[PDB]
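Quick note: numbers below take in every heavy atom, side chains included, and nothing from hydrogens, waters or symmetry partners. Just so you know, ligand 1 is whichever comes first in the structure, and atom 1 is the first atom listed for that ligand. For reference, positions follow the sequence shown, starting with 1.
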Amino acid sequence: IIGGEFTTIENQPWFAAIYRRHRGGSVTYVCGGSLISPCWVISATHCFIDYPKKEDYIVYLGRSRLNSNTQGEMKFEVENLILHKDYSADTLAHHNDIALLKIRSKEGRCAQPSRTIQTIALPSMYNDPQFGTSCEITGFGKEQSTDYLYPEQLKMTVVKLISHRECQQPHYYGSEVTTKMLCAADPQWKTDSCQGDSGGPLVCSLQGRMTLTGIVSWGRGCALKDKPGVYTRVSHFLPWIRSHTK
Ligand SMILES: N=C(N)c1ccc2cc(C(=O)Nc3ccccc3)ccc2c1
């Protein structure tokens, strides 16, 4: 997250921290995710497509720091890694950038909801917030594009949704951004998601309900002028999510 504020997991209790185990035992951070039901975390297929072995992943819920075992956190392995069969990547745009991770503790249990571990509601069909609505993003991604390290403390920021017609303007993304994607950015271009925030949530309060409107997917650079963050439009994928979690 470029700009924004440092936060803790009690403020974003649906946030999942996803890591990967390498040959030799080193563990590195991969992407964010969101808890949609006790056994299911939703994220972005581009985070996993090049390393599709479910055994390599570690998922934490209730974790506030990249290298601390936060009090109350829960650690999980991935029982089922579901990648979207029509996922694809263009030079900038990622398509069907959505994935499901069925999670299990070493005892075979799903998440236990608590003050610091909670689900986030899915959106309803054909009912996303209007352009100009403020939504929040959360993640352990880069603080500056030139950084190679990720921040130790979880961050959040607030951005505004941008219409499809504005996002398809020539100086924005043209025809590369589709109706299955949602743009969101800072009008002053000082805060955004960045590399390492992929898979994480874009949460919008809609009609008084906190909702997982989007999933961090792609963007040209980070916090660049006329280059919004692009998010998978979760409401489009409700049939896919329902069918793949049944
Ligand atoms: N400007 C943004 N909001 C934004 C969002 C997501 C991003 C993802 C990556 C990224 O590294 N994606 C990726 C990583 C590995 C394989 C495929 C895509 C880089 C910059 C981003 C900026």
Min heavy-atom dist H94 to ligand 1 below 4.0 Å: yes
Side chains of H95 and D90: is there a donor and an acceptor less than 3.5 Å apart?
yes
| request: Could you tell me whether the side chain of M181 reaches within less than 4.5 Å of the side chain of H164, counting heavy atoms only? | output: no
The atoms of ligand 1 lying under 4.0 Å from a heavy atom of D192, numbered in the order shown, are 1 (N), 2 (C), 3 (N)
Hits for salt bridge (charged side-chain N to carboxylate O under 4.0 Å, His left out) against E152, two or more places apart or cross-chain, chain-then-number order -> none
Fill in: N/O separation below 3.5 Å, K227 to ligand 1
no
The side chain to side chain donor-acceptor pair (under 3.5 Å) partners of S193 (sequence neighbours excluded) come to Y231
Assign the ring pair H94 / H46 to parallel, tilted or perpendicular, where the plane angle (0 to 90°) is split at 30° and 60°. tilted
**Q.** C222 N/O to ligand 1 N/O under 3.5 Å
**A.** no
For atom 20 (C) of ligand 1, the closest protein heavy atom turns out to be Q195 N, 3.9 Å
Ranked by distance from atom 2 (C) of ligand 1, the top protein heavy atom is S193 O, 3.2 Å
Exactly one of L81, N80, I82 clears side chain to side chain contact (heavy atoms under 4.5 Å, CB included) with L101, and that residue is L81
Of all protein heavy atoms, the one nearest atom 22 (C) of ligand 1 is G221 O, 3.3 Å
Of all protein heavy atoms, the one nearest atom 17 (C) of ligand 1 is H46 CD2, 3.5 Å
Atom 6 (C) of ligand 1 has as its nearest protein heavy atom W218 CA, 3.6 Å
Without swapping roles, check the side chain of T191 against the backbone of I2 for a donor-acceptor pair under 3.5 Å. yes
| field | Verdict with reasoning, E77 to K106, per salt bridge (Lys or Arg N to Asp or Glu O under 4.0 Å) | value | CA-CA 7 Å; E77 287 175 314; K106 279 186 191 186; 5.6 Å; no
Query raised in the report: Mind checking whether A89 has a heavy atom under 4.0 Å from ligand 1?
Result: no
Can an N or O of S198 be found at a distance shorter than 3.5 Å from an N or O of ligand 1? no
